[PDB]
Amino acid sequence: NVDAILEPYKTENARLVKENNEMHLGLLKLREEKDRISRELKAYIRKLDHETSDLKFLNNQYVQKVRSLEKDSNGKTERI
Amino acid sequence: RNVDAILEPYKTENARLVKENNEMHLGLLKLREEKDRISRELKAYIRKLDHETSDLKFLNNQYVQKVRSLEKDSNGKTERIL
């Protein structure tokens with residue numbers, strides 16, 4: 065009789081425990097996806113941030129050469 | 064009061080599980096939005112760096128063409144001197 069009184073509460077509890085476990089795992093799955101994504105994209109950003117820095121350095125290297133070659137093309141006109 | 068004492072743990076635990084499940088159901092929605100926001104923001108910053116790279120690559124070739132142009136003249140002017 066006690067078992068018949070308790071059965072609805074034991075069934076509901078089992079339903080809620082199943083759901084609680086599923087949601088804990090779901091959150092963990094999702095936080096791992098977010099964590100995996102963020103670290104991948106942030107790494108690819110660092111790779112592109114290096115390429116930009118190299119291209120910016122190389123562009124200044126050409127600016128210094130253009131100023132050097134323009135001085136030479138001016139010295140050669142003084143000689144002419 | 065003995066039936067009440069037998070069911071009180073399930074009544075309490077069930078109420079605790081419902082509260083937690085509701086909070087985690089919101090937690091999942093909040094988390095999927097955060098993941099989508101993070102992904103959009105980082106993928107956008109990647110595109111911003113992609114354009115800068117393309118502009119720097121185009122500008123670098125523009126300097127390569129000028130260096131070849133200036134080197135030709137700096138060679139033609141030496142020939143004129145001789």
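Here the protein sequences come in this chain order: C and G. First residue of the first sequence: 65, per full-length UniProt numbering; consecutive thereafter. First residue of the second sequence: 64, per full-length UniProt numbering; consecutive thereafter. Cβ coordinates follow ideal geometry from the N, Cα and C atoms, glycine included.
Opening and closing residue of the alpha helix (DSSP H) in which residue i lies
{"i": "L105 of chain C", "result": "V66 to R143"}
Cutoff 8 Å: residue i Cβ touching any chain C Cβ
{"i": "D67 of chain G", "result": "no"}
{"i": "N77 of chain G", "result": "yes"}
{"i": "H88 of chain G", "result": "yes"}
{"i": "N124 of chain G", "result": "no"}
{"i": "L92 of chain G", "result": "no"}
{"i": "residue 149 of chain G", "result": "With chain G covering 64 to 145 only, the question about residue 149 of chain G has no answer from this structure."}
Chain G within 8 Å of residue i, Cβ atoms only
{"i": "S137 of chain C", "result": "yes"}
{"i": "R131 of chain C", "result": "no"}
{"i": "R110 of chain C", "result": "no"}
{"i": "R143 of chain C", "result": "yes"}
{"i": "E97 of chain C", "result": "yes"}
{"i": "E115 of chain C", "result": "yes"}
Contact set for residue i: own chain, Cβ-Cβ below 8 Å, skip 5 residues either direction
{"i": "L119 of chain G", "result": "none"}
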